[PDB]
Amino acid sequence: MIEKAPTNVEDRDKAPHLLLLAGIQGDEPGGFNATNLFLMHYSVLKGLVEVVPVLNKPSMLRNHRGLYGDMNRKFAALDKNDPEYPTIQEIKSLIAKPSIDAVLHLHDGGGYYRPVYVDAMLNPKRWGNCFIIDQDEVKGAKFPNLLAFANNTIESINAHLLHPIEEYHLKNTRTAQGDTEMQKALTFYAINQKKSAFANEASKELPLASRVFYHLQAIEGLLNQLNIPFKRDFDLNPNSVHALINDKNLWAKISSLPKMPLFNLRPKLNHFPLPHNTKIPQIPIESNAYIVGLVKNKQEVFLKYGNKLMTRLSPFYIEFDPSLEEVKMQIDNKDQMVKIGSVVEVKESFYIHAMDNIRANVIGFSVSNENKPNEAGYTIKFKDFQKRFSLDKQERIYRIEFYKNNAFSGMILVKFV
């Protein structure tokens, strides 16, 4: 859970609290890209929005609806030995917190829901582009009138339709009256804790940016109904959404390695250092996004951003010796200390000063066929690189790797600008 909170802690209790959740199915990227963009680009000014951006991360990482079965059928009877049992308790505990008032659960769904059969794509069996309640009223909730809240949220979404076919409709599953499937799902659990609970569906027929657009419309519609004041730092249209999903400023930091751009990496990165004796899911990974991770696939390690494959790492596993903190380098004739794990911009040249006990391999530069070379003490320019060794498709970013005996002492990236 990630908090989107006012800067003044005192403002937390001055408006309602919403719990915003997506990615209970790992192949529904509208939902988890929307929670991602919300965390990255919105501000909550009073009250609080608690976000679990992706409920089923292992499944997201494999582009899979649910590796351990349908997580959204696990909110009623559940075997204590179910692999998702701990996850389910975390979620139910967030839902049932006295400080939470409302719950919004995002999904992507096939076709377009219509309450009357129109055709195979538009009918009551379909799920796309609807706003869903389990029943019209939840007595004892802070906001008991789910129906009114839903109708007003649908109004807000329908003020912004990209095409008429995308019109939102109310879907009331009347769950307690015999819907045994929905009785096992998240929002029904929430209403049983006297929370006002809603699900939004964006149609799988839509491109990702349009799915995310509609989820964000639903989030804003509901925040307005709750009177949780918010801002965002962008204009809400599909182009703007696309730009932010595919943002060149997105990065990932694996272990103590430098920040790497998410987009426009080469599809495969060879001889990539990873800490030994460390299970893949336990390798630290930081990002300015909230849906990034690593997953093992055969012998490779995939860098994932939602369902997008950003690169395939071909690792070599090695001790990460943390002793080397900085390296003396010259950049465009300007001498300076460079922290291990830095990215440095270069216009013309660089040079690494020799070090006792430390060997430098500039990846893409060579002066011999030594398999374990020392390339400190060379003045290096762009023309000196074999461009295929670049980290990026643009052939501008190069790895410098440092070794102390048989241990890995760190990496610095140079970016030619």
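Each residue number is its position in the shown sequence, starting from 1. Rigid core (definition): largest C-alpha set, two forms, superposition within 1.5 Å.
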Worksheet item: So which moves more in 4 other deposited structures of this protein by CA, 174-182 or 307-315, given a superposition on the core?
Response: 174-182
Worksheet entry | Divergent stretch in 4 other deposited structures of this protein, 100-108 or 117-125 [C-alpha RMS, superposed by the core] | 117-125
Discussion item. Going by the mean C-alpha B-factor recorded in the entry, which is higher: 177-185 or 230-238?
Written reply: 177-185
Response to the item:
Quick note on 308-316 and 210-218: per-entry mean CA temperature factor is higher in 308-316
Worksheet item: Can you tell me which of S368, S59, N33, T379 has the highest Cα temperature factor in the record?
Response: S368
Worksheet entry | Selection from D82, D101, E205, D108 [criterion: highest C-alpha temperature factor in the record] | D82
Worksheet item: Of the three thirds of its chain by CA temperature factor, lowest, middle or highest, which one includes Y117?
Response: highest
Practice prompt. Compare the C-alpha B factor of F38 with those of the other modelled residues in its chain, then answer lowest, middle or highest third.
Written response: lowest
Practice prompt. Place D384 in the lowest, middle or highest third of its chain's C-alpha B-factors, as listed in the PDB entry.
Written response: highest
Worksheet item: Which third of the chain does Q336 land in by C-alpha B-factor: lowest, middle or highest?
Response: highest
Item to complete: Select lowest, middle or highest to describe the third in which the CA B-factor of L18 falls within its chain in this entry.
Response: lowest
